[PDB]
Amino acid sequence: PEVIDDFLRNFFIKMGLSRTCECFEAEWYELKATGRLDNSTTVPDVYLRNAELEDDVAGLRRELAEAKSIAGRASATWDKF
Amino acid sequence: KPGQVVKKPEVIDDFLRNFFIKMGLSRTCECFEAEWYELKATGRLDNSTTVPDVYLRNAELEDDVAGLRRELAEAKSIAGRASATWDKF
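Chains A and B, in that order, give the protein sequences.
Under UniProt numbering, residues 72 to 152 are what the first sequence spells out, in order.
Under UniProt numbering, residues 64 to 152 are what the second sequence spells out, in order.
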């Protein structure tokens, strides 16, 4: 795999800036139709690991930040009880 | 490698910047820079370190995984303890 287009799109999704990066999604398409580069510069494996760890740390941080929040809600519950 | 200029894999941000410059996608470069600065300002994803080393970024992500995960699973255990306490109350 390691298609630079897919890598860029996934990184934009992770960063949440894909909405403005849709401008890139259009520019890339137009210049690909013009055929500036018929191939894709392969992404380095280390940058691939960067993206993977980015989404993984995102997973942890959000998936248990919510745990901190539910712990606070439980704290309120046992305070009332 | 006699007298060769050192080239190292830079940070992901600078790598994407250089890729945009190389392909000439100037509009995309402008949009990415502007929105990246806005993202840093909003602080939704603020990377404190700015050392342009990809291996160092991997190290930062891994130590984040470890140090954060321990406390966060600790918070899940604390939520379980709070469940038990409110059952008792």
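C-beta: ideal position from N, C-alpha, C; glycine also.
About 52 Å separates the CB atoms of B/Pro115 and B/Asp150; that is not less than 8 Å, and the two are not in contact.
Close partners of B/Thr112 in chain A (Cβ separation under 8 Å) are lacking, with about 13 Å as the shortest Cβ gap. Taking A/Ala122 as the centre and dropping the five residues before and after it, the same chain places the C-beta of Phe78, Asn81, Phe82, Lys85 closer than 8 Å to its C-beta, in chain order.
Nearest CB-CB separation between B/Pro72 and chain A: below the 7 Å threshold.
For A/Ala145, the closest alpha carbon among the candidates B/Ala147, B/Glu134, B/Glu96, B/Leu135 is that of B/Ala147.
Using a Cβ distance threshold of 7 Å, A/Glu73 and B/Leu88 do not count as a contacting pair.
Pairwise C-beta distances place the region 133–144 of chain A in contact with the region 123–138 of chain B, as three or more of them are shorter than 8 Å. Contact annotation, A/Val128 with B/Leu124: C-beta distance approximately 5 Å; criterion of less than 8 Å satisfied.
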